[PDB]
Each structure stands twice: as C-alpha cells, then as structure tokens.
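Below you will find one chain, with nothing else, as structure tokens; this is the form deposited without tiopronin (WJZ), and questions on how it binds or moves follow later.
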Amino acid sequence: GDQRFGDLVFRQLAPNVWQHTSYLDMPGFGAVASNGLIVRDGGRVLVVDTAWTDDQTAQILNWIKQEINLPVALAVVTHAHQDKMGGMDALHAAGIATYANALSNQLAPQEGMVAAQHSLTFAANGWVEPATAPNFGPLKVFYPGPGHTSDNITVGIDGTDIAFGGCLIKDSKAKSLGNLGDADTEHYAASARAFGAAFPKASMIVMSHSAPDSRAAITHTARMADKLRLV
C-alpha cells in the first residue's frame, strides 16, 4: 500500500486518513524515516506533524493539492524536534494555522525550531483544553506525560480506529526506545500507558519511526521503558 511521490512516501490508512513519511537527508546520517498523518475532515484537510525540512513539507502540501484538492485548515505538531517541526516555515508560507503544546513552543527556539502560531494547553487529566484547540474536528489531542520528550503529545482520530503516538510509541518488535537524548526515563512507561488508556478502543497505532502496529506496540514500549528505569 505504500506510494512514492517525489522523495516522500504516502500510505492510506482509512478512507480519510493517510500516513506521510519523509527521510532525513544530511551528509553524515542514514536515511531516517519519520511518519505523520493527513486527515480529510469533510471539506478540509488537517495535518499532524511536518516533515524534516521545509522543502519536504511543501511536497506534502503538493501531494494534498493533487490527490485531495481541499484546503489545509490547520496542522498540529507533536513535539519540538526536527522530524515533527522542521517544516513549520512551509506551513506558514502556505497560510496554514499551526498548533503545538505551549511547552513545545517554549522549547522551540532552544531546539532550532520555528514556534507554532498557537499554543495548546492541557487539563490535569491530560486532555487538551478545548478553547485552545478550536475547530479540530475529529482530532482528539492528549498529553500523556513526559516520555520521549517533556512536551510530546498524541492524537486520536474520531470515527476511525487510529491513534497516533508520535515518537513516544515504538513498534512491538523495536529493539530500543530510539532517540532518548531528551527523554524522561522515570515517567516514560506511565506516559506510554496513559496514551493507551486515553484511546482504549484504537486498534491501529501509528507512530513516527515504525510502521502502523497493533496495541502490542503500546505494551512493548511501556515494558522497554520500565526496563530502562530499573537498570
């Protein structure tokens, strides 16, 4: 089901959801994949996560114009690292409203990222404060606690079986938790568990650095994180 468009790959996940994949192209690194989502919400399109670069993000927008041909109403980015927020300038040049956790926007200058235009804030139970996420349609945004980074957020797609863990969740056969440089090793397992409990009916778990998996991705990630905490 994958389809290559320029240097990107797109895979349809549901009648109105696609995963976008872009690859890092930097002179001393391998071709590291990062996945985000495209959601068609009736007469508009919603994007979760940029690509690694502005030019890759413009190619996502070009695929949307060709294959869907509806305006992109907003994008949500899941934490302040290059794979999720590296293409913010391309979204703003296209007139697309951008949203991120306040804490992602605070961290963005230190991380080399351009901040989103709007800041999301969260209740004590992890759910997004609705007034900060107006007109998000089927996107249900949840902050599960610190894990892969202090700011990482997750997104369920109402009307589908899909929930997106971003860089917090790894697939059920992952050998490690990946990029831990910014990670909260004490709370990571409970944050992975909180993601699972926030979207308890989701059967397709989408994540940044693995292909879509079953809910076993969630329990495997929480186990890896508990091992690491115990070491």
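Between two forms, the rigid core is the largest collection of C-alphas that superpose within 1.5 Å. Only residues modelled in both forms are compared. Start at 1 and count along the sequence shown; that's the residue number.
The same protein also exists as the form solved in complex with tiopronin (WJZ); that form is not shown, yet it is the one meant from here on.
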Out of the stretches listed (66-74, 38-46, 25-33, 198-206), which one is close to tiopronin (WJZ) in the entry with it bound, meaning heavy atoms within 4.5 Å? 25-33
Can any non-hydrogen atom of residue 179 be found within 4.5 angstroms of tiopronin (WJZ) in the entry with it bound? yes
Considering only heavy atoms, tell me if residue 119 and tiopronin (WJZ) come within 4.5 Å of each other in the entry with it bound. no
Look up in the entry with it bound whether residue 160 has a non-hydrogen atom within 4.5 angstroms of tiopronin (WJZ), and give yes or no. no
Is there a heavy atom of residue 192 no more than 4.5 Å from a heavy atom of tiopronin (WJZ) in the entry with it bound? no
Answer option from 106, 150, 82, 132, heavy atom within 4.5 Å of tiopronin (WJZ) in the entry with it bound: 82
Shared-residue segments moving between this form and the one not shown, Cα shift 2 Å or more over 3+ consecutive positions, core-fitted: 25-29
